[PDB]
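Asker: Below are the structure tokens for one structure; questions will follow.
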């Protein structure tokens with residue numbers, strides 16, 4: 001009945017419960033990433049546009065498929081028409097209640113951490 005169009009960056013580490021990526025060429029393959037590389041990943045993005053309070057769309061889409069690990073070739077870290085009640089608490093609440101051209105808070109799910117970006 002009501003969905004939104006936004007993106008997100010999935011970042012994980014080898015210190016997780018299931019440190020592995022579900023890619024076509026790297027299916028069932030382990031990732032050589034550390035807990036320090038997980039945070040610095042999502043953090044580096046939010047800071048990629050530092051010195052200026054302005055988050056561009058195309059600017060994020062570039063870091064999305066470059067950072068997100070949620071099937072780069074599958075969804076490329078890009079979300080589609082999603083309705084309220086599809087994601088977990090905190091994600092579907094912010095992602096849907098996000099500001100056009102802004103990034104949501106650092107959501108930490110049992111599976112891993114990831115960020116959201118509202119598309120204009």
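Neighbour counts run over all protein chains shown; Cβ positions are idealised from the backbone, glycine included. All of the numbers you see were taken from the coordinates with simple rules; none came from a lab.
Asker: Just to be sure I understand, how many residues within segment 63-97 are under 21 Å from residue 26 (Cα atoms) and without any contact (Cβ under 8 Å) to a residue 24 or more places away in the chain?
Answerer: Count: 4.
Asker: Can you work out which of the residues in segment 103-120 that are free of Cβ contacts under 8 Å to residues at least 40 places away in the same chain and outside any loop (DSSP other than H, G, I, E, B) is farthest from the chain's Cα centre (by Cα)?
Answerer: Here the answer is 108.
Asker: Counting only residues that are within 22 Å of residue 93 (Cα to Cα), give me the strands (runs of 3 or more DSSP E) lying completely in segment 1-70 with at least 1 of them.
Answerer: 6-11
Asker: List the number of the failed condition for residue 100; all other conditions in (1) over 14 Å from the mean Cα position of the chain (by Cα); (2) within 22 Å of residue 31 (Cβ to Cβ); (3) part of a loop (DSSP other than H, G, I, E, B) hold.
Answerer: (2)
Asker: Which ones in segment 74-94 are within 12 Å of residue 3 (Cα to Cα) and loosely packed, with under 14 Cβ neighbours inside 10 Å?
Answerer: 80, 81, 83, 85, 86
Asker: Here is a check on your reading of the model: is residue 36 surrounded by 14 or more Cβ atoms within 10 Å (Cβ to Cβ) and either more than 14 Å from residue 8 (Cβ to Cβ) or touching a helix residue (DSSP H, G or I) at 6+ places or on another chain (Cβ under 9 Å) (or both)?
Answerer: Spelling it out, it is not the case that residue 36 is surrounded by 14 or more Cβ atoms within 10 Å (Cβ to Cβ) and either more than 14 Å from residue 8 (Cβ to Cβ) or touching a helix residue (DSSP H, G or I) at 6+ places or on another chain (Cβ under 9 Å) (or both).
Asker: Which ones in segment 74-97 are assigned to a helix (DSSP H, G or I) and over 14 Å from the mean Cα position of the chain (by Cα)?
Answerer: Of segment 74-97, the ones assigned to a helix (DSSP H, G or I) are 74-75, 91-96.
Answer for segment 74-97, where residues must be assigned to a helix (DSSP H, G or I) and over 14 Å from the mean Cα position of the chain (by Cα): 93, 96.
Asker: Another question, if that's okay. I'd like to verify a number: residues in segment 51-73 that are surrounded by fewer than 13 Cβ atoms within 10 Å (Cβ to Cβ) and within 9 Å of the chain's Cα centre (by Cα), how many?
Answerer: 0
Asker: Output the residue which, of all residues in segment 14-32 that are surrounded by 11 or more Cβ atoms within 10 Å (Cβ to Cβ) and touching a helix residue (DSSP H, G or I) at 6+ places or on another chain (Cβ under 7 Å), is nearest to residue 113 (Cα to Cα).
Answerer: The extreme case among them is 15.
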